[PDB]
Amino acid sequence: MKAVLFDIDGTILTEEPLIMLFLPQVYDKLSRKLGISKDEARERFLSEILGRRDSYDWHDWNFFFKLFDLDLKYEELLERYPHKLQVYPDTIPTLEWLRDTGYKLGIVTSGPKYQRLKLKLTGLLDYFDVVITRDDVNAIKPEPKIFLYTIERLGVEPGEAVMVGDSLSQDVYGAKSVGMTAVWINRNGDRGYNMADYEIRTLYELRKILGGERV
């Protein structure tokens, strides 16, 4: 193996604390704008998100801010509250080990350009040889282009790369469809449907899967 590719959200970090912080502000701003209750604003906002699942726009918070013409920019929220982004304890030792061992490291995310800002703010950016977001290829997982462009940039063949992510449809199916090895990270004890080549609970388990020999 020569390269390990990572999903971001739910895989190497979580933005859930930031989501918990800004959603009430969204409900506040939306209810005040539309002259409706905060509960009705919540219903409308969340319904729109659910309605656009599995689509290009689903992975972009700014899409939803813009759709409701709200005075919010996710980049500004990120820069203001970077401590609300939480890096999993198993992330940095794993990236350190992989980089030191000689693996090329890539990010493949269906989120937009601010995903790179999230990596910068959490101190993870510099571990990666390349970071590919939706906005870099005009495509989302599991479209083959987003995986193929990433490994092309890394200079490796698909069979020389492993994808690690928490989404069965985006990460596992996406990676396998272009000939990569697929590792599903399952932090919350969900159902895996017998799909991935390997299933792990934390990134520390990658050491058992890959072994320790330099590449």
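In this text, residue numbers run from 1 along the sequence as written.
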| query | finding |
| --- | --- |
| Comparing 203-211 with 9-17, the one whose average Cα B-factor in the PDB entry is higher | 203-211 |
| Higher-B stretch (mean Cα B-factor, as the entry records it), 171-179 or 38-46 | 38-46 |
| Among 184, 68, 61, 147 - the residue whose C-alpha B-factor is largest in the record | 68 |
| Among 88, 127, 114, 97 - the residue whose C-alpha B-factor is largest in the record | 97 |
| Among modelled residues of the same chain, the CA temperature factor third for residue 164 | lowest |
| For residue 138, the third of its chain into which the C-alpha B factor falls | middle |
| CA B-factor placement of residue 121, once the chain's modelled residues are sorted into thirds | middle |
| Ranked C-alpha temperature factor of residue 102 among modelled chain residues, by third | highest |
| Lowest, middle or highest third - CA B-factor, residue 78 | middle |
